[PDB]
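Below you will find one chain, with nothing else, as structure tokens; this is the form solved without its partner chain, and questions on how it binds or moves follow later.
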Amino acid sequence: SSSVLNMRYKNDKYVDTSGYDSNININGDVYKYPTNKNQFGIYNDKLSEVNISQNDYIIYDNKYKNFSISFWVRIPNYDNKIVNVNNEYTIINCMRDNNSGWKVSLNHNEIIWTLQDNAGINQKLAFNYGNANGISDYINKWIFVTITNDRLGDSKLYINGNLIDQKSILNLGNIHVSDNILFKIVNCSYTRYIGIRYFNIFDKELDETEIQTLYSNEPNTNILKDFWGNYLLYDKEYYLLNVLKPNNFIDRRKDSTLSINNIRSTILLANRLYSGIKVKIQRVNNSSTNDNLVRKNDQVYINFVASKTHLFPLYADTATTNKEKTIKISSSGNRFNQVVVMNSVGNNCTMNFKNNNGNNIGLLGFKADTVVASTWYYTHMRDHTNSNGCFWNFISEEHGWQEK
């Protein structure tokens, strides 16, 4: 375990599942993601806060004891102009009237951790991810934050399992944190919201191996992710990003094939995300028990989004003596006796075209300028890297990311 606080959703509210049974209360309007109620949004244009009343005996008051904090945060930039201001605002507050304890704050494209003792001596850690230069891994995406505190060593800041910033806290004396942890946007100039999920406190300094274990497990790997790090959904319009060609987008040709030799236009240095064809994912075998979540090894149809309500199947043209099979839009609504098997490697999604007789056509990818299904990828994967042409992200249009 090591966890002395596990914030999780149960029975239309948030509860502590660590065993220390800390009390969690919602005040005002707190958004719950319908598809993952572990995820909550907080606003600053209303009353909107989560207050954890910590178990009296977990409340950190010490000079020597090690502790760690982990959570995921989602920071929308909207138009990217509203956020472009040098001002620091608190999102998670665990500091007493003494100003002893810790807090998580934000700035323009920045996450900040502050730890301060009873004497007003502090240490601050920062991650500055900056503006989207091509494709951003951070803006409007779930970001896994982990702060580990060694009282005889340094405080270390991790982002998505990677060590970013570490500074000595050997100078820090007795730290007494607030009885309350307040999830609220305080002193933000503009109106916005922030996403929080899987907030944890641990009674030790986590090592890299334990941090990477939390990073992969907490999201639930069995369910595929969209671009933003949310659960991939059936019956939902998505743009396509090829992870090996982040500057390219998919367009329809007149012969009903798909081109990938289209360059994304830039807003400053940021690639446009809402470019090229939109697709919807559909279950092969429907039911009532079935939710809208896309899981590993689910058999689906990839539907091209046409003029309006109209949806045409994507299929691999197998009538060729060349190994790569051209992807075509079926005008007739014929599936050509094919299914697509969904799978993933982290946030990268794969689409394996198979005939209904169970034979492999190949993974969705590209050959020169054309989108194809190819078996080449099975034996030519590049390990522990996003530079594989069979890796795709699904981008849903959202108010959090504006290209208006």
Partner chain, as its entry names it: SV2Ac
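Residue numbers count along the first chain shown, from 1. For clarity, a rigid core is taken as the largest C-alpha set superposing within 1.5 Å between two forms.
As the entry records it, the average C-alpha temperature factor is higher for 20 to 28, out of 388 to 396 and 20 to 28. Averaged over CA atoms, B-factors in the entry run higher in 213 to 221 than in the other of 238 to 246 and 213 to 221.
As recorded in the entry, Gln338 carries the highest CA temperature factor of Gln54, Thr350, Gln338, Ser374.
Based on the entry's C-alpha B-factors, the most elevated value among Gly130, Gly229, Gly134, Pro313 belongs to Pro313. Among the modelled residues of its chain, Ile143 has a C-alpha B-factor that falls in the lowest third, as given in the PDB entry. Placement of the Cα temperature factor of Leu47 within the chain: highest third of the modelled residues, per the deposited record. Among the modelled residues of its chain, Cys188 has a C-alpha B-factor that falls in the highest third, as given in the PDB entry. Sort the modelled residues of the chain by CA B factor and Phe304 lands in the highest third.
Sort the modelled residues of the chain by CA B factor and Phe202 lands in the lowest third.
This protein has a second form, the form solved in complex with its partner chain, left out of what is shown; the following refers to that one.
Across the options 87 to 95, 253 to 261, 276 to 284, 190 to 198, residues that bring heavy atoms within 4.5 Å of its partner chain in the deposited bound form belong to 253 to 261. Screening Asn27, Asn62, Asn360, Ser53 for any heavy atom within 4.5 Å of its partner chain in the deposited bound form leaves a single hit, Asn360. Distance criterion of 4.5 Å from any heavy atom to its partner chain in the deposited bound form singles out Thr318 from the list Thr318, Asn80, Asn180, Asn122.
Against its partner chain in the deposited bound form, the set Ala306, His310 and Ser331 is in full contact: each member has a heavy atom within 4.5 Å. In the deposited bound form, its partner chain stays beyond 4.5 Å of every heavy atom belonging to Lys296. At a distance threshold of 4.5 angstroms between non-hydrogen atoms, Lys32 is out of contact with its partner chain in the deposited bound form. Remark: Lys325 counts among the residues lining its partner chain in the deposited bound form, judged by a heavy atom distance of 4.5 Å or less.
Contact annotation for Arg335: none of its heavy atoms lies within 4.5 Å of its partner chain in the deposited bound form. Residue displacement note: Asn386 has its CA displaced by at least 2 Å between this form and the one not shown (rigid core superposed). Distance between the C-alpha atoms of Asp383 and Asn217: longer by at least 3 Å in the deposited bound form than in the displayed form. Legend note: Cα of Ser387 to Cα of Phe127 is at least 3 Å farther in the deposited bound form than in the depicted form.
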